[PDB]
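A short worksheet on the structure shown next.
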Amino acid sequence: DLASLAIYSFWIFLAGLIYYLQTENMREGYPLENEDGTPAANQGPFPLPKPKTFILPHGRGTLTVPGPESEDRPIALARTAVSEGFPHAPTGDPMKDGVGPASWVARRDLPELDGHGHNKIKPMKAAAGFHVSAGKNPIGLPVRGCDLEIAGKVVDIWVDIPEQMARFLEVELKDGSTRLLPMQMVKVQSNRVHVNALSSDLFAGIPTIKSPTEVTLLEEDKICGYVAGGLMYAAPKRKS
Amino acid sequence: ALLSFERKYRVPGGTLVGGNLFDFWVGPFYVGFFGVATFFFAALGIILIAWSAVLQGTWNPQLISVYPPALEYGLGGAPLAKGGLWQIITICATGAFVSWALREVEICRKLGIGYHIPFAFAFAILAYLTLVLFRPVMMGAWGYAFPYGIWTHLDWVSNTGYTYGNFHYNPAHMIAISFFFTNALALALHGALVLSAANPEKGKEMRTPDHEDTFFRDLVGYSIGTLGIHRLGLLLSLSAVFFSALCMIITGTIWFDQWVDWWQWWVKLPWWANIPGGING
Amino acid sequence: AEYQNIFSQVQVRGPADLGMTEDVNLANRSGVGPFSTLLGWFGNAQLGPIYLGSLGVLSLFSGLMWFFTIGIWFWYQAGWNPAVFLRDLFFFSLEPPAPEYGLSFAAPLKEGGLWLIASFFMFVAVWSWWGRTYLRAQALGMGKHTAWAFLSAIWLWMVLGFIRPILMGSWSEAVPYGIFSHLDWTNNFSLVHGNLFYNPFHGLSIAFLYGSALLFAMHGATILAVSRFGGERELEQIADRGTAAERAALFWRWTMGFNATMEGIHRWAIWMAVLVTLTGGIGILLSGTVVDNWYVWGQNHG
Ligand code: BCL
Ligand code: BCL
Ligand SMILES: CC[C@H]1c2cc3[nH]c4c(c3C)C(=O)[C@H](C(=O)OC)c4c3nc(cc4[nH]c(cc(n2)[C@@H]1C)c(C(C)=O)c4C)[C@@H](C)[C@@H]3CCC(=O)OC/C=C(\C)CCC[C@@H](C)CCC[C@H](C)CCCC(C)C
Ligand SMILES: CC[C@H]1c2cc3[nH]c4c(c3C)C(=O)[C@H](C(=O)OC)c4c3nc(cc4[nH]c(cc(n2)[C@@H]1C)c(C(C)=O)c4C)[C@@H](C)[C@@H]3CCC(=O)OC/C=C(\C)CCC[C@H](C)CCC[C@H](C)CCCC(C)C
Ligand SMILES: COC(C)(C)C(=O)C/C=C(\C)CC/C=C(\C)CC/C=C(\C)CCCC/C(C)=C/CC[C@H](C)CC/C=C(\C)CCC=C(C)C
Ligand SMILES: CCCCCCCCCCCC[N+](C)(C)[O-]
Ligand SMILES: CCCCCCCCCCCC[N+](C)(C)[O-]
Ligand SMILES: CCCCCCCCCCCC[N+](C)(C)[O-]
Ligand SMILES: CCCCCCCCCCCC[N+](C)(C)[O-]
Ligand SMILES: [Fe+3]
């Protein structure tokens, strides 16, 4: 009957749909590889989808996926076993090298632009008409690392103009240079800003930005990467 | 075996239990100590379930059903064929679930991300525990739990419901449903919003978040924003399930009568209780 | 403890954002509204502006007419007494015409006519608002996802109070406007058709509802888990994969064996939610037109 028809029909629809859904999520990081980077033998039942090309605004060109994949940065890792499936140990300083939970991707070295073609993110000093409207203004508060030692002082807030949001705290270190600190990895308190991931001694290692009034996708990744990695690698310096 | 960008992430560490012992992968999958735990609990449980199936004398999945002990057994142990098997199976499920959560924690650490996912999952686990542990205890027999079978479980739902009248009147049930509906609404929108920006009209350039915020203020005069909608989703979801637990944990424990009748409180407020006319006067 | 990013710990404000100006008729957009610092702790603090236009007004006017046409009926039931009105608010009900009138538009007002008026108002209200979702997108050059997603919802509503009442031969088969009454109608609709738990569309529909919660839980917690690497900035992540997208995909690959991309995850999303009322609509449509009792149907399968 009709009902039987409809339901049998639907289970068929649903199956080609999953198939679709699945092949679309195969647009990045495919095809699969062996730990040595050579193409892996068994890529699953699903074919790579036919490529699609994105037209990036503000004449930043195009992106076609799937496409040639490459890390475009050295990886300082060495195998710890003779068969597949085991960890790869950092061969240096994982933090300094950017592997592990400290990994960063070679994103473009251009900043994210808003709808108008202006830098999406800005130090608040250069963002005409922005102010802390609620909560504790961090600016001026010392910054404490997981080792409970003071590392610097907030000397500005880098805001996201189109979404009117605090993205990073800029921090002034003992030598007078500054670093960005992701907003998402610090606790703003009444008398201090506490950073659990990094011990005071690692703040200097936080990668620097080439221009003082801009951050690029590459530098966001290298920074967030680094600060995140502290959680696992600063661990010996963290006390509470 | 690895995604084109996976290797630099596959470093040692992050394990909660047992150091480097189980710190490794199997194909795409991460094992970890709890990798093993869940496997063991999952193996055992499925076994017991098959064992129930022979005692039942059917291999047909639409028929197979593992029932809790009958009320006469209260919160004591029961013979295998008479409810023990379900009790173990329930222990094993719990073991599986919790372990699966703790593995999520272990992966979280290795990758250096937040614990929001293990977190949210614990709500699912807590809803399940409400229906097979917290409610039966409080009620006083494993027998109030739902049976493990594809349709028999739908039956428990239907019977348990109709016991208190039309269950629609359970007030926390009303609230819990509003989230389920609301969440789906919001998942519908979020998905649609991002896709429409990433896949504009033919030959046009990718839109920006600015467009997303504009599209919505134009539409309903407000936009919760890209960070917001993700906070929103997590919340509606967790809330739906939170109220779902609540509506059950109260049902049969502190309220055992017809749910519709509980509304008489409102209608019988002394200031309008006796005023004639309307529906109730 | 570590910061979780469920609530902002510092609010920043700037000049009211009047938004992108594509092909949008700027004469129609309103003025910026105030800013809720309340809202600001969760998401955006800025209210408005909003776009009026012709369809917005028609929609918005029919919308109120519907609501009010029901409202006066409730008052008439309450004996115009504000006390009764409050006491009995969820008990009042605007019911469709009796089965006697069939698909007739001649039912007396106290006997079903008023229901038709209200519905007519809702019909126009809803469709115009649909056209509104479409146009608003067109004017910004965006995909029409939202309008199509919306159409799914519309499907179930169309079926409940219009398509099914018409295929059954009478308006009496439609849903009454009322809080407790539309609950009862639902509960009763299942009883009559032999328990909707045997309607496999109903069962499918529940799977996608349950799933929507499962997914929006998964997606939300994930994006929050990696917002420490600017995860929420999904459009740029699509355009240039960040570590965020990577950690996201990998956490999931390592847990359950496969994974999404940032554009990908949102396709899972729109389809999981859209299938709820899509399947739903179908389950209800066959109910009572082709299948009288899902249990009997369940025994044979035809
Ligand atoms: C929480 C609310 C009620 C209840 C009310 C209902 C109602 C009402 C319905 C279901 C439906 C289903 N229920 Mg139930 N269900 C409950 C508790 C459970 C439990 C549990 C351990 O707590 C589980 C595992 C299930 C599982 C299921 C599926 C068989 C089915 C589709 C659900 C779905 O899409 O979810 C979304 C999740 C996903 C898409 C992720 C993938 C889920 C897959 C499908 C899981 C299948 C597991 C199953 C085959 C058993 C495996 C166990 C062993 C390892 C073999 N229910 C409680 C008692 N359930 C629907 C149905 O059609 O089944 C008859 C239906 O109509
Ligand atoms: C006793 C009750 C019966 C039963 C009878 C029914 C009936 C009858 C129906 C459902 C339906 C549904 N049931 Mg059932 N159901 C039962 C038990 C259950 C259980 C359970 C036991 O755990 C669950 C989980 C469900 C779950 C569900 C949903 C999956 C499904 C509706 C999805 C939806 O989101 O629509 C919500 C979305 C809409 C209604 C879309 C409307 C969109 C419109 C356009 C909104 C306009 C707004 C308006 C103009 C006002 C404006 C707003 C103001 C400005 C604020 N049922 C039992 C067996 N169920 C529906 C279905 O699809 O079944 C197959 C349905 O018709
Ligand atoms: C795919 C399935 C899900 C879905 C999707 C969906 N719904 C949608 C969309 C989509 C994709 C839209 O684009 C569209 C939308 O614009 O949302 C922002 C819509 C929408 N879904 C809505 C509601 C809705 N969707 C629902 C369900 C669902 N929608 C599904 C679960 C439900 C239910 C019953 O679960 C409801 C109630 C609307 C918010 C919106 C469609 C708006 C519309 O058509 O308006 C027409 C008429 C008016 C303008 C009426 C206004 C009259 C009011 C002023 C009266 C009430 C006054 C009241 C006392 C006010 C106070 C409220 C307080 C909280 C402050
Ligand atoms: C809290 C909000 C919602 C939510 C969230 C949620 N679910 C989650 C997560 C999150 C955040 C995960 O991270 C985790 C996941 O990895 O998803 C891919 C998970 C998950 N949610 C799942 C299912 C699921 N979630 C559901 C619900 C929900 N999940 C909510 C609505 C439902 C239902 C019925 O609504 C189901 C069916 C899994 C796909 C996955 C967890 C997988 C897992 O725990 O693996 C460990 C266990 C096994 C491999 C099998 C164990 C076998 C048992 C020992 C025996 C079988 C016993 C069982 C009781 C029989 C039941 C029979 C039925 C017919 C009744
Ligand atoms: C404060 O008092 C005043 C008077 C000021 C008020 O305004 C108060 C007002 C309230 C008390 C209002 C309360 C309103 C509610 C309780 C409403 C509840 C509504 C629901 C629960 C609705 C549920 C389901 C509705 C459904 C499925 C409607 C479907 C409608 C349609 C598909 C429309 C079909 C079209 C029809 C039959 C006519 C078509 C005619 C043509 C010519 C095309
Ligand atoms: C996480 C534990 C879940 C267990 C589910 C039910 C187990 C019942 C345990 C009772 C065993 C014996 N008793 C009555 C003497 O306590
Ligand atoms: C978006 C893809 C995920 C879809 C989930 C498919 C599994 C649902 C199984 C429901 C069982 C249903 N049925 C028809 C017997 O009632
Ligand atoms: C519904 C769950 C689907 C998970 C898919 C997992 C893909 C695994 C690919 C094969 C890897 C094989 N193995 C375990 C033999 O090494
Ligand atoms: C109801 C949800 C079911 C999810 C559908 C299962 C998809 C499995 C995809 C496995 C992909 C294998 N691969 C390529 C990663 O090895
Ligand atoms: Fe998202």
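Protein chains in written order, with PDB author numbering: chain H, 11 to 250; chain L, 1 to 281; chain M, 1 to 302. We treat Cβ as the ideally placed atom computed from N, Cα and C, and that holds for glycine.
**OP:** Can you pull the chain L residues whose beta carbon is under 8 angstroms from the beta carbon of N44 of chain M, in chain order?
**Re:** Residue mapping note: residue 44 of chain M aligns to position 44 of the third sequence, counting from 1. Correct list: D213, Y222, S223, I224, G225 and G228.
**OP:** For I249 of chain L, collect the residues of the same chain with a Cβ closer than 7 angstroms to its Cβ; drop the 5 residues on either side in sequence, then sort them by chain order.
**Re:** On the second sequence, residue 249 of chain L is found 249 positions in, with the first residue counted as 1. Once the five neighbours on either side are set aside, the close Cβ partners of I249 of chain L are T130, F134 and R135.
Subject >> Closest Cα partner of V126 of chain M within the set M:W155, M:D292, M:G283 and M:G40 >> reply: What you label residue 126 of chain M is simply residue 126 of the third sequence in a count that begins at 1. Of the listed residues, the one whose Cα sits closest to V126 of chain M is M:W155.
**OP:** Please state whether DSSP places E2 of chain M in a helix, a strand or coil.
**Re:** Mapped onto the third sequence, residue 2 of chain M falls at position 2. Three-state result, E2 of chain M: coil.
Subject >> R7 of chain L: contacting residues in chain H (beta-carbon distance under 7 angstroms) >> reply: Taking the second sequence and counting its residues from 1, one reaches residue 7 of chain L at position 7. Within chain H, the residues near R7 of chain L are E45, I85, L87 and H98.
Original post:
Should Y3 of chain M and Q11 of chain M be called a contact, given that it needs their Cβ atoms to be closer than 8 angstroms?
Top reply: Against the third sequence, residue 3 of chain M aligns to sequence position 3. Against the third sequence, residue 11 of chain M aligns to sequence position 11. For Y3 of chain M and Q11 of chain M, no; Cβs fall outside 8 angstroms.
**OP:** Please decide whether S152 of chain M counts as near chain H, where near means a Cβ-Cβ distance under 8 angstroms.
**Re:** Locating residue 152 of chain M in the third sequence gives position 152, where the first residue counts as 1. It does not: the Cβ of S152 of chain M has no partner Cβ on chain H nearer than 8 angstroms.
**OP:** Give a yes or no on whether the minimum CB-CB distance between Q299 of chain M and chain H is below 8 angstroms.
**Re:** Counting from one through the third sequence, the residue named residue 299 of chain M turns up at place 299. It does not; no Cβ of chain H falls within 8 angstroms.
Subject >> Option nearest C234 of chain H by Cα separation, candidates H:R117, H:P133 and H:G95 >> reply: What you label residue 234 of chain H is simply residue 224 of the first sequence in a count that begins at 1. It is H:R117.
Original post:
In the DSSP assignment, what are the bridge partners of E182 of chain H?
Top reply: Position 172 of the first sequence, counted from the first residue, corresponds to residue 182 of chain H. Bridge partners of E182 of chain H: H:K163 and H:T188.
Original post:
Do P200 of chain L and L235 of chain M come within 8 angstroms of each other at the CB atom, strictly closer than that value?
Top reply: Stepping through the third sequence from its first residue, residue 235 of chain M is reached at position 235. Stepping through the second sequence from its first residue, residue 200 of chain L is reached at position 200. Cβ distance not < 8 angstroms, so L235 of chain M and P200 of chain L don't count as in contact.
Original post:
Do we get a CB-CB distance below 8 angstroms when we pair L246 of chain L with the residues of chain M?
Top reply: Translated into positions along the second sequence, residue 246 of chain L becomes position 246. Not an interface residue.
Original post:
Can the beta-carbon of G48 of chain M be found less than 8 angstroms from the beta-carbon of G33 of chain M?
Top reply: Walking along the third sequence from the start, residue 48 of chain M turns up at place 48. Walking along the third sequence from the start, residue 33 of chain M turns up at place 33. Yes, these two residues count as a Cβ contact at 8 angstroms.
Original post:
Cβ of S244 of chain L within 8 angstroms of Cβ of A176 of chain L?
Top reply: The residue given as residue 244 of chain L occupies position 244 in the second sequence. The residue given as residue 176 of chain L occupies position 176 in the second sequence. Yes, Cβ-Cβ distance for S244 of chain L and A176 of chain L is below 8 angstroms.
**OP:** Report the option in L:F33, L:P69, L:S196 and L:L102 whose CA atom is closest to the CA atom of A139 of chain M.
**Re:** Stepping through the third sequence from its first residue, residue 139 of chain M is reached at position 139. The shortest Cα separation from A139 of chain M among L:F33, L:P69, L:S196 and L:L102 belongs to L:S196.
Subject >> Contact list for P57 of chain H against chain M, beta-carbon separation under 8 angstroms >> reply: To locate residue 57 of chain H, count along the first sequence from 1; it is residue 47. Ordered by position in chain M, no residue passes the 8 angstroms Cβ test against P57 of chain H, which lies about 15 angstroms from the chain.
Original post:
With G225 of chain L and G43 of chain M assumed to form a contact (beta carbons below 8 angstroms), what rounded beta-carbon distance in angstroms separates them?
Top reply: Here the question's residue 225 of chain L lines up with position 225 in the second sequence. Here the question's residue 43 of chain M lines up with position 43 in the third sequence. That pair is a contact at about 5 angstroms.
Original post:
Name the residues in the stretch 135-159 of chain M whose C-beta lies less than 9 angstroms from a C-beta of chain L; which are they?
Top reply: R136, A137, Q138, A139, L140, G141, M142, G143, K144, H145, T146, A147, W148, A149, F150, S152 and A153
Subject >> Test: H68 of chain H CB closer than 8 angstroms to a CB of chain M >> reply: Mapped onto the first sequence, residue 68 of chain H falls at position 58. Judged by the 8 angstroms Cβ criterion, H68 of chain H is not in contact with chain M.
Subject >> Near-chain L residues of the stretch 224-249 of chain H - C-beta to any C-beta below 8 angstroms >> reply: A238, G239, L241 and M242
**OP:** Please decide whether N199 of chain M counts as near chain L, where near means a Cβ-Cβ distance under 8 angstroms.
**Re:** Here the question's residue 199 of chain M lines up with position 199 in the third sequence. Closer than 8 angstroms: no.
Subject >> C-beta neighbour in chain M for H173 of chain L, strict 8 angstroms >> reply: Mapped onto the second sequence, residue 173 of chain L falls at position 173. Chain M contact via Cβ: absent.
**OP:** Could you tell me whether any non-hydrogen atom of ligand 1 is closer than 7 angstroms to the CB of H173 of chain L?
**Re:** Start at 1 with the first residue of the second sequence, and residue 173 of chain L comes out as number 173. Answer for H173 of chain L: no, Cβ out of range of ligand 1.
**OP:** Report yes if the CB atom of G230 of chain M is closer than 8 angstroms to the CB atom of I171 of chain H, and no otherwise.
**Re:** Looking up residue 230 of chain M in the third sequence gives position 230. Looking up residue 171 of chain H in the first sequence gives position 161. No; because the gap between Cβ atoms is not below 8 angstroms, this pair is not in contact.
Subject >> Residue burial classification, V226 of chain M (beta-carbon count within 10 angstroms, cutoff 16) >> reply: In the third sequence, the residue the question calls residue 226 of chain M occupies position 226. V226 of chain M comes out buried.
**OP:** Quick one: measure Cβ to Cβ for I125 of chain L and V98 of chain L, integer angstroms, because I've assumed they're closer than 8 angstroms.
**Re:** Your numbering for residue 125 of chain L matches position 125 in the second sequence. Your numbering for residue 98 of chain L matches position 98 in the second sequence. So it is a contact: roughly 7 angstroms between Cβ atoms.
Subject >> Which of helix, strand or coil DSSP assigns to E6 of chain L >> reply: As a first step, residue 6 of chain L must be located in the second sequence, where it is residue number 6. DSSP places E6 of chain L in coil when its eight states are reduced to three.
Subject >> Length-filtered (4 minimum) alpha helix (DSSP H) runs lying within the stretch 244-298 of chain M >> reply: 262-285
**OP:** Taking C-beta pairs closer than 9 angstroms, name the residues in chain L that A176 of chain H reaches, listed in chain order.
**Re:** Numbered from its first residue, the first sequence carries residue 176 of chain H at position 166. What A176 of chain H touches in chain L: nothing, since even the nearest Cβ is about 11 angstroms away.
**OP:** With DSSP as the reference, label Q11 of chain M as helix, strand or coil.
**Re:** As a working note, residue 11 of chain M is residue 11 in the third sequence. In this structure, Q11 of chain M counts as strand in the three-state DSSP scheme.
**OP:** Could you tell me whether any non-hydrogen atom of ligand 2 is closer than 7 angstroms to the CB of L228 of chain H?
**Re:** Position 218 of the first sequence, counting from 1, holds the residue named residue 228 of chain H. No, ligand 2 has no heavy atom inside 7 angstroms of this Cβ.
**OP:** Give the DSSP bridge partners of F29 of chain L, in chain order.
**Re:** The residue given as residue 29 of chain L occupies position 29 in the second sequence. Answer is L:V26, bridged to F29 of chain L.
Original post:
What does DSSP give as the partner residues of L94 of chain M in its beta bridges?
Top reply: The residue given as residue 94 of chain M occupies position 94 in the third sequence. Beta-bridge pairing links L94 of chain M to M:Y177.
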